[PDB]
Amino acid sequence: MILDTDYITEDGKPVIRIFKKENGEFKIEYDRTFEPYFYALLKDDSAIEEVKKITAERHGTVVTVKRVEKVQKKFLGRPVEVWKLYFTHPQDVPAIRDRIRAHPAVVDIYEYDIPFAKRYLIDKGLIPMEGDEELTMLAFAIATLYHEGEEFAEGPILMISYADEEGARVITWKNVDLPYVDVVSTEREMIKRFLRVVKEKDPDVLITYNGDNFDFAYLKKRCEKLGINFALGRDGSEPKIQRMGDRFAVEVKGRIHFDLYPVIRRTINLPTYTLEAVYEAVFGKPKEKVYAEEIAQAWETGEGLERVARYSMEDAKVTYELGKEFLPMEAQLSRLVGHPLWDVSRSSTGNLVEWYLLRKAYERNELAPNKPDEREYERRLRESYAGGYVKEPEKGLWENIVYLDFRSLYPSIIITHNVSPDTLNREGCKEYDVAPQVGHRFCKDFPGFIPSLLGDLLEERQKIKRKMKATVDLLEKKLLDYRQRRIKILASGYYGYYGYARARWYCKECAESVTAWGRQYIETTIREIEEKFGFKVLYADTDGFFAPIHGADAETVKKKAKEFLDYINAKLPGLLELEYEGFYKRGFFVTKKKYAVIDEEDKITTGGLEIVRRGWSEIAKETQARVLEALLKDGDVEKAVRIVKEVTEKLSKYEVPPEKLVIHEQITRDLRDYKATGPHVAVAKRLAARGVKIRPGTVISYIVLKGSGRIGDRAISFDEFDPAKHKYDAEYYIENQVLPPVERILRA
C-alpha cells in the first residue's frame, strides 16, 4: 500500500520517496530517475535552438534547460505539438517558468505548477490506499493552560492524551490518581514521553481533531521554547506546517496525519462542530466538555484535576473512535481521486475533481489547460448563468403526495448529452446534441473527456447505496449514507467544476447547458404528469416535485406514480431516469425552498425550514417541531398555538436552559473584510481583540443578553455565559426566535 509521496534533494537532484506499507512492515522506496518538466508551445520549431539557451537565477546558482523533447499530445481532443522541457530540480521550474513563456516565439506553457510529488503519482500510475494492508492508528489530543490575552502557546501544555486499540492514556506533569494517567515530572519530559510513545507504537496514521490548526502548532512552539527535537516522522523529521489560504495544514513524513475536523465538515451538517457535538451526532452518546477556564482553576489550585484528566482522556478516545469510522470512507475516496489520504481529506470539490482529471488526462496524452491568472479568475467570478427551476408552491394543506426525483440528474445529463469542453461546438461531427435555451452544440461521435470519467463515479455511488439497504446495524448504515452523500456531491461537482472560476477545464457553456437541460427535463416531466396522468405538481425544485392526485387514495396515487415512472423513463434518453423518492400522507408548502411533510409512519420530513437552519436557537427548533406535529400529525391549529404560548411564557419567566438558546453562525472570511457587522461578527471581533484566534469557517456560538439596541451589542459567546452573572434577552428570543418561524407556518 502507498501511504504518501514526497521528494528530497541529493547533490542537486530530486529523489522521490515513496512511503509504503507492505506485508505489515513500513518501507521507503526511492526513485532517483524522475525528472521534472513542463510543456511549451511555439510558433516555429526553429526557435527550439533559442529556448534551450534560456537561463534564470535560483539562489546564486544558474539554472539551465536540461533536455528537450518534441512530443505529440492532444489539447481538448485536438492534436497539438508541444515540446517537453526537462530540468534538473523541480524548484528550477518556478524560476524559469515565466521567462521561457516570455520568449517572443513561445505561445504558451502548460503543466508548470503540478507538484513534483503528485507528478510522480500521476505519471507512474500509482494509486494510494490500494491493497490488503491494515493500517495502524493512534489518536492524540492536548490540554493546554490558557489565560485571556496571552500569545499563542505562551502557557504550557498540561496534558497529552493518546488512544488506540489498547485503550487511552494521559501524560501530565502533576499527580493525578487515575489508573489511566501516567505521572511525569515536567512538561518537557511529558512531551518527550509522548514522542517516545508515538515512536514505540509507530502508527501509520495519526488522528487529531483540528490538529492542523492548534495541536501541532501548540506542540511546535512549546518544543522551540523547551529545546525538544519533536521528531514525529518516520525519517526523524519534525511535523511540517503548511499554509493553505487562511487555514494551516500539518504533515508528518512516513505517516498520515488524519485530522478529523475537515472530514466531518464535508461529511456532516451540524449547528456546532465541537468534538462533543460531533461525537454525539455520530454515536448517539454525550461527551462532557471542560472549558479553558475550569482547567486553569483546576491546575493553579490543584483540585478538580481528576475531572480534567477524564476530559483530555475522552478527547483522545473520542477522536480515535471517530477516526476509526471515517478513515475507510476517505481511503476509498483517496483511491477514486488518485491522491494520498493526507491531501484528499483536506480538499474540497474543486481539487477532488481536478486531481482525478489530471491523472486521467495523462493517461490519454491529453495536455491539461492551465489554471487562470488573477485576471481571468476575476472574469469568471462575475460570470454566471441560469440555474435550476423552482416553482412557486401551491399553498394550503394537501393529501397523499408522492415525491419523484431524478437519479443523478446533472451527471446523467453530462454523460447522456456528452457535455465537455473537448466536445462543445466541435467541428466536423455527424451527430450533435443541442442544449435548449443556450443553444450550445455537443459532438457525440466519441465519448468526451469528462463524460467518459463521470460514468464510473455514479457506479461507485450506486454500489454503496446498494450496500446501505443490505446493512442492518444502525451505525454502519449511517456511515454508508455519509459515504454515498460524499460521492453524490462529488459527482455533481463535475457540473460545478464547469463554472468553477479556478478550474483548468473551465467550460461555462457546459454549465449553462447542464442546467438548461435540467430545466427542460423537469418542466417537461411536470407537464406530462399533469395532463396525461391527472397529477397536480404542488412544488418543484430543479430535479424533483411533489404531486398528488385529487380525491385519490394512497394506493392508487402510488400505483399511478410508478406507472408514470415507466412511461417517462421510456421516453427519456440515455441515463435520465425518474425515481420514486417516497409517499407523504399530508404535506405543507409555505414558500420556495421551505416545506413540511408527514409520511405513512407519522415521521416529519422538512426542507430548508428553521428546524434545519443553523442560525436558529434550539428553543426555536424545538417549538417549531411541536407546531409541526400538531398540524400534520394531530391536525389541530389551536393546540399548535397553545404550545407557542407555553414556550413564550416560559421564556418570559426565565425557565428555559441557556443551552437551548444558543444561536450559531459561521464566519466566512477574515474579520477585517466584513462590511456589515452582525451579531456573530460582533462576537468574532471581540475574540480576536483579546487573543482568541478566528479563522474563516469558525462557528460563532452566542447568546443574546437583556438590553436594548443592536442584538450584537448584547451578544456574548456561550462559553463566556454564566447564569449567575448574565441574564438572557427574554423578549428577543421570543419576538425574534420563536414567533417568526411559527407565525410564517401559521399563515395557512
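Heads up: residue numbers just count along the shown sequence, starting at 1.
S.K.: Return whichever of 354-362 and 198-206 has the greater mean Cα B factor according to the PDB record.
M.R.: Looking at the record's C-alpha B-factors, the answer is 198-206.
S.K.: Going by the average Cα B-factor in the PDB entry, point out whether 252-260 or 580-588 comes out higher.
M.R.: Result of the comparison: 580-588.
S.K.: Select one of 417, 467, 169, 73: the residue whose C-alpha shows the highest B-factor in the crystal structure entry.
M.R.: In this record, 467 carries the highest C-alpha B-factor of the candidates.
S.K.: For the CA B factor values reported in this entry, which option in 529, 651, 157, 490 has the top one?
M.R.: Out of 529, 651, 157, 490, the record gives the largest C-alpha B-factor to 651.
S.K.: Would you please rank residue 16 by its C-alpha temperature factor against the other modelled residues of its chain and give the third it falls in: lowest, middle or highest?
M.R.: Lowest third of the chain for residue 16's C-alpha B-factor.
S.K.: Should residue 499 be placed in the lowest, middle or highest third of its chain by the C-alpha B factor in the entry?
M.R.: According to the entry, residue 499 has a C-alpha B-factor in the chain's lowest third.
S.K.: Tell me, lowest, middle or highest third: where does the Cα B factor of residue 520 rank within its chain?
M.R.: It belongs to the lowest third of the chain when residues are ordered by C-alpha B-factor.
S.K.: Going by the entry, which third of its chain does the Cα temperature factor of residue 385 land in?
M.R.: For residue 385, whose C-alpha B-factor we compare with every modelled residue in the chain, the answer is the lowest third.
S.K.: Using the temperature factors of the C-alpha atoms in this entry, rank residue 542 within its chain: lowest, middle or highest third.
M.R.: Residue 542: CA B-factor falls in the lowest third of its chain.
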